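What follows is one structure encoded as structure tokens, with my remarks underneath.
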Amino acid sequence: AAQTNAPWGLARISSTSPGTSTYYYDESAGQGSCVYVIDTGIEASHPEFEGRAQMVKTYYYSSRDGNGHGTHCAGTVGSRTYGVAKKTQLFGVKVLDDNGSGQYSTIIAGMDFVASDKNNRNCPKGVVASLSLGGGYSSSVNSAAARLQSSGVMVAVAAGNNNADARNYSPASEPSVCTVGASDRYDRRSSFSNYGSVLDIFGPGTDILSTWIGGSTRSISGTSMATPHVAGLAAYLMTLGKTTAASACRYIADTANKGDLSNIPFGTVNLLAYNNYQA
């Protein structure tokens, strides 16, 4: 399949070169996989989700995404126009309030919720969780992310937007989950992206167009935007049978475009998520 005039990040993940405009992908498109978006919620009624999104848990008064961030990330995972895995099922877990903030105890609870809830869902191709959030180092947050991964969920987390070493941020610094940095459309490390030995992979994160609340769309930047590219890519590859939740991060690293990014400090992987699609 081919999507012409796609958002640059979708085109980038199906190309060995920057600057293309078509997103090439297998038509299976993540069908049969499930991605939990642990964030501010998802506006599931957005036409771009085509009935494939639903809220499953909220830690606040409402399940509504009153912010937009979670809807944007979910759109990059799996919306029709803006998504990597255009046929995946999306499940929203609202751990962040409508200002985009949340307490670590609540974020931890949301991770434990997914580890258990997935046992109640039909997700024959496997389960992914996208965590576009983080704060300072916390062993408890890292442990919760490790538990979620251990339970059989492919966990992708944002590296953080501090232009600093991700070792000092959580869940970014948890070694057993997939820690995602951000790149721009010219194959530079995004100026805000964290880096360091704990990064596994980079994905498109600067100027990413996706869904927003009120049935709208907008372009925003962050490692929060790179993370759902990788989560969607994992779901897509799991549906194809190329990998499993336990091995998806290493498979994505194995098959990434290598050495194409600039402004990568020595000791940080130079690996950009790539679907290796061949027509």
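Chains: A, B, ... in order of the structure tokens. Residues: from 1 per chain. Ligands: from 1, in order shown.
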
Quiz item: Out of region 107-246 of chain A, which residues get strand (DSSP E) from DSSP, as a ChimeraX atom specification?
Solution: /A:126-131,135-136,154-158,169-170,178-183,201-204,208-212,216-220

What parts of region 21-218 of chain A does DSSP call alpha helix (DSSP H)? I'd like the answer as a PDB file with N, CA and C atoms, in the first residue's frame.
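Here's the written file out_15.pdb:
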```pdb
ATOM      1  N   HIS A  69      -2.966  16.103  23.701  1.00  0.00           N
ATOM      2  CA  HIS A  69      -1.699  15.385  23.561  1.00  0.00           C
ATOM      3  C   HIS A  69      -1.926  13.897  23.311  1.00  0.00           C
ATOM      4  N   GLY A  70      -2.781  13.269  24.118  1.00  0.00           N
ATOM      5  CA  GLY A  70      -3.026  11.848  23.955  1.00  0.00           C
ATOM      6  C   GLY A  70      -3.685  11.514  22.633  1.00  0.00           C
ATOM      7  N   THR A  71      -4.603  12.369  22.183  1.00  0.00           N
ATOM      8  CA  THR A  71      -5.238  12.171  20.885  1.00  0.00           C
ATOM      9  C   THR A  71      -4.223  12.300  19.757  1.00  0.00           C
ATOM     10  N   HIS A  72      -3.283  13.238  19.888  1.00  0.00           N
ATOM     11  CA  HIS A  72      -2.240  13.397  18.882  1.00  0.00           C
ATOM     12  C   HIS A  72      -1.364  12.152  18.813  1.00  0.00           C
ATOM     13  N   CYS A  73      -0.908  11.663  19.971  1.00  0.00           N
ATOM     14  CA  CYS A  73      -0.074  10.467  19.991  1.00  0.00           C
ATOM     15  C   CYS A  73      -0.819   9.260  19.432  1.00  0.00           C
ATOM     16  N   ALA A  74      -2.077   9.070  19.840  1.00  0.00           N
ATOM     17  CA  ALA A  74      -2.863   7.962  19.315  1.00  0.00           C
ATOM     18  C   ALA A  74      -3.005   8.068  17.806  1.00  0.00           C
ATOM     19  N   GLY A  75      -3.149   9.292  17.287  1.00  0.00           N
ATOM     20  CA  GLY A  75      -3.236   9.462  15.845  1.00  0.00           C
ATOM     21  C   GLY A  75      -1.976   9.023  15.124  1.00  0.00           C
ATOM     22  N   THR A  76      -0.808   9.274  15.719  1.00  0.00           N
ATOM     23  CA  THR A  76       0.438   8.841  15.101  1.00  0.00           C
ATOM     24  C   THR A  76       0.583   7.332  15.163  1.00  0.00           C
ATOM     25  N   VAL A  77       0.060   6.695  16.213  1.00  0.00           N
ATOM     26  CA  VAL A  77       0.058   5.234  16.235  1.00  0.00           C
ATOM     27  C   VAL A  77      -0.819   4.690  15.117  1.00  0.00           C
ATOM     28  N   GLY A  78      -2.059   5.162  15.034  1.00  0.00           N
ATOM     29  CA  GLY A  78      -3.051   4.410  14.291  1.00  0.00           C
ATOM     30  C   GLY A  78      -4.213   5.140  13.655  1.00  0.00           C
ATOM     31  N   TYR A 104       3.358  10.470  39.632  1.00  0.00           N
ATOM     32  CA  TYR A 104       4.008   9.196  39.336  1.00  0.00           C
ATOM     33  C   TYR A 104       3.183   8.006  39.823  1.00  0.00           C
ATOM     34  N   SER A 105       2.542   8.121  40.991  1.00  0.00           N
ATOM     35  CA  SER A 105       1.718   7.011  41.469  1.00  0.00           C
ATOM     36  C   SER A 105       0.618   6.666  40.471  1.00  0.00           C
ATOM     37  N   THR A 106       0.018   7.681  39.843  1.00  0.00           N
ATOM     38  CA  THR A 106      -1.048   7.448  38.875  1.00  0.00           C
ATOM     39  C   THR A 106      -0.500   6.840  37.592  1.00  0.00           C
ATOM     40  N   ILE A 107       0.646   7.327  37.129  1.00  0.00           N
ATOM     41  CA  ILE A 107       1.262   6.756  35.936  1.00  0.00           C
ATOM     42  C   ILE A 107       1.616   5.293  36.168  1.00  0.00           C
ATOM     43  N   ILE A 108       2.154   4.980  37.351  1.00  0.00           N
ATOM     44  CA  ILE A 108       2.456   3.598  37.709  1.00  0.00           C
ATOM     45  C   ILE A 108       1.187   2.749  37.684  1.00  0.00           C
ATOM     46  N   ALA A 109       0.109   3.246  38.304  1.00  0.00           N
ATOM     47  CA  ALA A 109      -1.142   2.491  38.317  1.00  0.00           C
ATOM     48  C   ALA A 109      -1.620   2.210  36.897  1.00  0.00           C
ATOM     49  N   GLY A 110      -1.504   3.193  36.003  1.00  0.00           N
ATOM     50  CA  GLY A 110      -1.923   2.987  34.625  1.00  0.00           C
ATOM     51  C   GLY A 110      -1.135   1.894  33.927  1.00  0.00           C
ATOM     52  N   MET A 111       0.174   1.828  34.184  1.00  0.00           N
ATOM     53  CA  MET A 111       0.975   0.752  33.611  1.00  0.00           C
ATOM     54  C   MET A 111       0.529  -0.605  34.142  1.00  0.00           C
ATOM     55  N   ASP A 112       0.318  -0.709  35.456  1.00  0.00           N
ATOM     56  CA  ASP A 112      -0.144  -1.976  36.009  1.00  0.00           C
ATOM     57  C   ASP A 112      -1.518  -2.336  35.457  1.00  0.00           C
ATOM     58  N   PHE A 113      -2.371  -1.331  35.234  1.00  0.00           N
ATOM     59  CA  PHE A 113      -3.679  -1.594  34.646  1.00  0.00           C
ATOM     60  C   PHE A 113      -3.543  -2.268  33.284  1.00  0.00           C
ATOM     61  N   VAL A 114      -2.672  -1.743  32.424  1.00  0.00           N
ATOM     62  CA  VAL A 114      -2.512  -2.321  31.093  1.00  0.00           C
ATOM     63  C   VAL A 114      -2.028  -3.760  31.188  1.00  0.00           C
ATOM     64  N   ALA A 115      -1.076  -4.035  32.091  1.00  0.00           N
ATOM     65  CA  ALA A 115      -0.549  -5.391  32.201  1.00  0.00           C
ATOM     66  C   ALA A 115      -1.652  -6.395  32.498  1.00  0.00           C
ATOM     67  N   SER A 116      -2.671  -5.977  33.237  1.00  0.00           N
ATOM     68  CA  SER A 116      -3.763  -6.875  33.562  1.00  0.00           C
ATOM     69  C   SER A 116      -4.886  -6.823  32.522  1.00  0.00           C
ATOM     70  N   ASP A 117      -5.257  -5.618  32.074  1.00  0.00           N
ATOM     71  CA  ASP A 117      -6.371  -5.471  31.142  1.00  0.00           C
ATOM     72  C   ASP A 117      -6.128  -6.210  29.831  1.00  0.00           C
ATOM     73  N   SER A 139      13.038   5.102  40.517  1.00  0.00           N
ATOM     74  CA  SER A 139      13.141   3.654  40.389  1.00  0.00           C
ATOM     75  C   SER A 139      11.768   2.997  40.353  1.00  0.00           C
ATOM     76  N   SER A 140      10.775   3.594  41.012  1.00  0.00           N
ATOM     77  CA  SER A 140       9.437   3.012  41.019  1.00  0.00           C
ATOM     78  C   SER A 140       8.774   3.129  39.654  1.00  0.00           C
ATOM     79  N   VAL A 141       8.945   4.268  38.980  1.00  0.00           N
ATOM     80  CA  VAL A 141       8.408   4.404  37.634  1.00  0.00           C
ATOM     81  C   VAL A 141       9.112   3.440  36.693  1.00  0.00           C
ATOM     82  N   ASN A 142      10.443   3.337  36.803  1.00  0.00           N
ATOM     83  CA  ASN A 142      11.174   2.421  35.930  1.00  0.00           C
ATOM     84  C   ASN A 142      10.720   0.989  36.161  1.00  0.00           C
ATOM     85  N   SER A 143      10.527   0.614  37.426  1.00  0.00           N
ATOM     86  CA  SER A 143      10.093  -0.742  37.737  1.00  0.00           C
ATOM     87  C   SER A 143       8.717  -1.034  37.154  1.00  0.00           C
ATOM     88  N   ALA A 144       7.809  -0.054  37.197  1.00  0.00           N
ATOM     89  CA  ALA A 144       6.493  -0.255  36.610  1.00  0.00           C
ATOM     90  C   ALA A 144       6.592  -0.486  35.110  1.00  0.00           C
ATOM     91  N   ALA A 145       7.464   0.257  34.431  1.00  0.00           N
ATOM     92  CA  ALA A 145       7.640   0.041  32.998  1.00  0.00           C
ATOM     93  C   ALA A 145       8.262  -1.324  32.722  1.00  0.00           C
ATOM     94  N   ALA A 146       9.230  -1.733  33.548  1.00  0.00           N
ATOM     95  CA  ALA A 146       9.817  -3.063  33.413  1.00  0.00           C
ATOM     96  C   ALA A 146       8.768  -4.150  33.620  1.00  0.00           C
ATOM     97  N   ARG A 147       7.873  -3.979  34.606  1.00  0.00           N
ATOM     98  CA  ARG A 147       6.818  -4.969  34.821  1.00  0.00           C
ATOM     99  C   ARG A 147       5.914  -5.064  33.607  1.00  0.00           C
ATOM    100  N   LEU A 148       5.530  -3.920  33.044  1.00  0.00           N
ATOM    101  CA  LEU A 148       4.637  -3.938  31.895  1.00  0.00           C
ATOM    102  C   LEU A 148       5.278  -4.685  30.732  1.00  0.00           C
ATOM    103  N   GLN A 149       6.554  -4.418  30.471  1.00  0.00           N
ATOM    104  CA  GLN A 149       7.268  -5.140  29.425  1.00  0.00           C
ATOM    105  C   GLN A 149       7.326  -6.631  29.737  1.00  0.00           C
ATOM    106  N   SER A 150       7.677  -6.981  30.983  1.00  0.00           N
ATOM    107  CA  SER A 150       7.783  -8.382  31.383  1.00  0.00           C
ATOM    108  C   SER A 150       6.464  -9.126  31.213  1.00  0.00           C
TER     109      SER A 150
END
```

Quiz prompt | Polymer residues at most 12 Å from residue 251 (chain A), only C-alpha atoms, same-chain spacing of 2 or more positions, as a ChimeraX atom specification | solution = /A:154,178,200-201,230,233-234,237-238,241-249,253-256,271,273-276

Quiz item: Between A:158, A:261, A:164, A:213, which has the minimum distance to residue 66 (chain A) (counting only C-alpha atoms)?
Solution: A:213

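Candidate residues A:186, A:192, A:25, A:59 were compared for distance to residue 94 (chain A), and the nearest is A:59, using only C-alpha atoms.
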
Quiz prompt | Exercise: region 207-212 of chain A partners within 8 Å, only C-alpha atoms, chain neighbours under 5 positions left out, as a PyMOL selection string | solution = chain A and resi 7-9+43+46+48+68-69+71-76+79+82-83+184+217-221+225
